[PDB]
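Below is entry_11.cif, which holds mmCIF, C-alpha atoms and all ligand atoms.
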data_structure
loop_
_atom_site.group_PDB
_atom_site.id
_atom_site.type_symbol
_atom_site.label_atom_id
_atom_site.label_comp_id
_atom_site.auth_asym_id
_atom_site.auth_seq_id
_atom_site.Cartn_x
_atom_site.Cartn_y
_atom_site.Cartn_z
ATOM 1 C CA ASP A 5 110.221 110.956 109.295
ATOM 2 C CA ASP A 6 106.555 110.513 108.296
ATOM 3 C CA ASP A 7 107.352 107.748 105.776
ATOM 4 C CA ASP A 8 108.729 105.790 108.733
ATOM 5 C CA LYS A 9 105.402 106.100 110.573
ATOM 6 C CA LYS A 10 103.705 104.520 107.551
ATOM 7 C CA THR A 11 106.319 101.737 107.249
ATOM 8 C CA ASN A 12 106.110 100.892 110.965
ATOM 9 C CA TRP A 13 102.306 100.760 110.790
ATOM 10 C CA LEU A 14 102.366 98.412 107.751
ATOM 11 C CA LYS A 15 104.834 96.120 109.565
ATOM 12 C CA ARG A 16 102.448 96.016 112.516
ATOM 13 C CA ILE A 17 99.319 95.524 110.366
ATOM 14 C CA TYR A 18 100.961 92.649 108.489
ATOM 15 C CA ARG A 19 102.210 90.985 111.703
ATOM 16 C CA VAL A 20 99.172 91.158 113.986
ATOM 17 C CA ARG A 21 96.412 89.953 111.627
ATOM 18 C CA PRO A 22 97.296 86.542 110.192
ATOM 19 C CA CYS A 23 95.496 84.563 107.487
ATOM 20 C CA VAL A 24 91.678 84.874 107.885
ATOM 21 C CA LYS A 25 91.291 81.101 107.284
ATOM 22 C CA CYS A 26 93.985 79.256 109.275
ATOM 23 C CA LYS A 27 94.461 82.219 111.662
ATOM 24 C CA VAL A 28 98.166 81.374 112.072
ATOM 25 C CA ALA A 29 100.227 81.902 108.897
ATOM 26 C CA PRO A 30 100.877 85.424 107.610
ATOM 27 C CA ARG A 31 98.996 86.641 104.530
ATOM 28 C CA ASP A 32 100.087 86.540 100.923
ATOM 29 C CA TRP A 33 100.853 90.003 99.462
ATOM 30 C CA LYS A 34 102.234 91.814 96.439
ATOM 31 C CA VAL A 35 103.593 95.252 95.687
ATOM 32 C CA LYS A 36 101.668 97.116 93.033
ATOM 33 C CA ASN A 37 103.065 100.546 92.082
ATOM 34 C CA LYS A 38 103.156 102.589 95.301
ATOM 35 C CA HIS A 39 100.747 100.206 97.063
ATOM 36 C CA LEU A 40 101.040 97.083 99.173
ATOM 37 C CA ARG A 41 98.251 94.598 98.498
ATOM 38 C CA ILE A 42 97.684 92.305 101.495
ATOM 39 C CA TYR A 43 95.520 89.336 100.455
ATOM 40 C CA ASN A 44 93.155 87.912 103.055
ATOM 41 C CA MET A 45 94.765 84.434 103.176
ATOM 42 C CA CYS A 46 98.186 82.811 103.247
ATOM 43 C CA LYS A 47 99.109 81.005 99.998
ATOM 44 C CA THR A 48 98.440 77.560 101.480
ATOM 45 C CA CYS A 49 94.865 78.447 102.427
ATOM 46 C CA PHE A 50 94.265 80.307 99.175
ATOM 47 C CA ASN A 51 95.370 77.355 97.009
ATOM 48 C CA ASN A 52 93.201 75.076 99.147
ATOM 49 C CA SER A 53 90.177 77.435 98.748
ATOM 50 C CA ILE A 54 90.409 76.927 94.987
ATOM 51 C CA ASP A 55 90.484 73.108 95.440
ATOM 52 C CA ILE A 56 87.453 73.109 97.769
ATOM 53 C CA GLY A 57 85.515 75.705 95.727
ATOM 54 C CA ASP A 58 85.093 78.372 98.443
ATOM 55 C CA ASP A 59 85.375 82.061 97.443
ATOM 56 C CA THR A 60 84.267 83.299 100.918
ATOM 57 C CA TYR A 61 87.728 84.395 102.069
ATOM 58 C CA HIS A 62 88.962 85.703 98.704
ATOM 59 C CA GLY A 63 89.866 89.395 98.802
ATOM 60 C CA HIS A 64 92.510 91.949 99.692
ATOM 61 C CA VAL A 65 93.214 95.325 101.259
ATOM 62 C CA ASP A 66 95.546 97.806 99.519
ATOM 63 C CA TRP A 67 97.799 100.161 101.463
ATOM 64 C CA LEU A 68 99.697 103.277 100.337
ATOM 65 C CA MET A 69 103.350 102.517 101.209
ATOM 66 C CA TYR A 70 104.317 106.187 101.772
ATOM 67 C CA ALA A 71 103.077 108.950 104.074
ATOM 68 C CA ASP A 72 102.201 111.499 101.393
ATOM 69 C CA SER A 73 99.463 110.996 98.799
HETATM 70 N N1 LIG B 101 96.161 84.693 99.119
HETATM 71 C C1 LIG B 101 94.923 85.136 98.800
HETATM 72 N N2 LIG B 101 93.944 85.321 99.726
HETATM 73 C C2 LIG B 101 92.714 85.780 99.416
HETATM 74 N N3 LIG B 101 92.356 86.087 98.146
HETATM 75 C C3 LIG B 101 93.257 85.951 97.129
HETATM 76 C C4 LIG B 101 94.617 85.474 97.396
HETATM 77 N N4 LIG B 101 95.284 85.418 96.217
HETATM 78 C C5 LIG B 101 94.416 85.853 95.272
HETATM 79 N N5 LIG B 101 93.220 86.167 95.820
HETATM 80 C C6 LIG B 101 92.001 86.649 95.129
HETATM 81 O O1 LIG B 101 91.171 85.535 94.765
HETATM 82 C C7 LIG B 101 90.499 85.810 93.527
HETATM 83 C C8 LIG B 101 90.817 84.699 92.528
HETATM 84 O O2 LIG B 101 92.227 84.711 92.292
HETATM 85 P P1 LIG B 101 92.876 84.395 90.844
HETATM 86 O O3 LIG B 101 94.341 84.737 90.906
HETATM 87 O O4 LIG B 101 92.456 82.997 90.471
HETATM 88 O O5 LIG B 101 92.091 85.439 89.896
HETATM 89 P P2 LIG B 101 92.699 86.833 89.354
HETATM 90 O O6 LIG B 101 91.529 87.632 88.834
HETATM 91 O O7 LIG B 101 93.857 86.501 88.441
HETATM 92 O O8 LIG B 101 93.280 87.581 90.659
HETATM 93 P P3 LIG B 101 93.663 89.149 90.641
HETATM 94 O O9 LIG B 101 92.350 89.877 90.443
HETATM 95 O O10 LIG B 101 94.301 89.425 91.978
HETATM 96 O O11 LIG B 101 94.616 89.246 89.467
HETATM 97 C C9 LIG B 101 90.982 87.179 93.072
HETATM 98 O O12 LIG B 101 90.028 88.154 93.515
HETATM 99 C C10 LIG B 101 92.288 87.370 93.834
HETATM 100 O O13 LIG B 101 92.594 88.728 94.116
HETATM 101 ZN ZN ZN B 102 96.130 80.247 106.064
#

In structure tokens, what does this structure look like?
Ligand SMILES: Nc1ncnc2c1ncn2[C@@H]1O[C@H](COP(=O)(O)OP(=O)(O)OP(=O)(O)O)[C@@H](O)[C@H]1O
Ligand SMILES: [Zn+2]
Amino acid sequence: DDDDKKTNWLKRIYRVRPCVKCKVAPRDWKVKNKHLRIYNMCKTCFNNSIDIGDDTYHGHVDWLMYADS
């Protein structure tokens, strides 16, 4: 089932690339219509980035959660 290919890829993508800042914790994310938004940092590092005043690692990558556009 092609939807399963997409799901399995998104599981892998989420697992293998942790937070860009601490490089250990998984990333924060949200689901937004038919898309998965994976933010660049875990919540801990994101909250801290606000406290320290660094926007460098702010950002996200959106992913279609299904196989067919
Ligand atoms: N965990 C995270 N890692 C990296 N960037 C993040 C994370 N959470 C939020 N951001 C991004 O940091 C920026 C500042 O976030 P904030 O929530 O203060 O503003 P916002 O405009 O309400 O965010 P958004 O545009 O997502 O609604 C936004 O571009 C937001 O997408
Ligand atoms: Zn982190």

Checklist entry - Quick one: which residues end up in the PyMOL selection byres (((not hetatm)) within 6 of (chain B and resi 101)) for this structure, as a ChimeraX atom specification? => result /A:32,43-47,50,61-63

Next on the checklist: Could you list the protein, DNA and RNA residues that have any atom within 6 Å of ligand ZN 102 (chain B), counting only C-alpha atoms and all ligand atoms, and write them as a list in words?
Outcome noted: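 If we count only C-alpha atoms and all ligand atoms, the neighbours of ligand ZN 102 (chain B) turn out to be residues 23, 25, 26, 29, 45, 46, 48 and 49 of chain A.
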
Next on the checklist: Would you compute the distance between CA of residue 70 (chain A) and CA of residue 10 (chain A)? Give it in Å to one decimal.
Outcome noted: 6.0 Å

Item to check | Neighbour list for residue 18 (chain A) as JSON, numbers by chain, cut-off 8 Å, all atoms listed in the file, skip fewer than 2 positions in-chain | outcome: {"A": [14, 15, 16, 20, 21, 22, 30, 31, 42]}

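With all atoms listed in the file as the atoms that count, the minimum distance from residue 9 (chain A) to the choices A:71, A:59, A:34, A:51 is reached by A:71.
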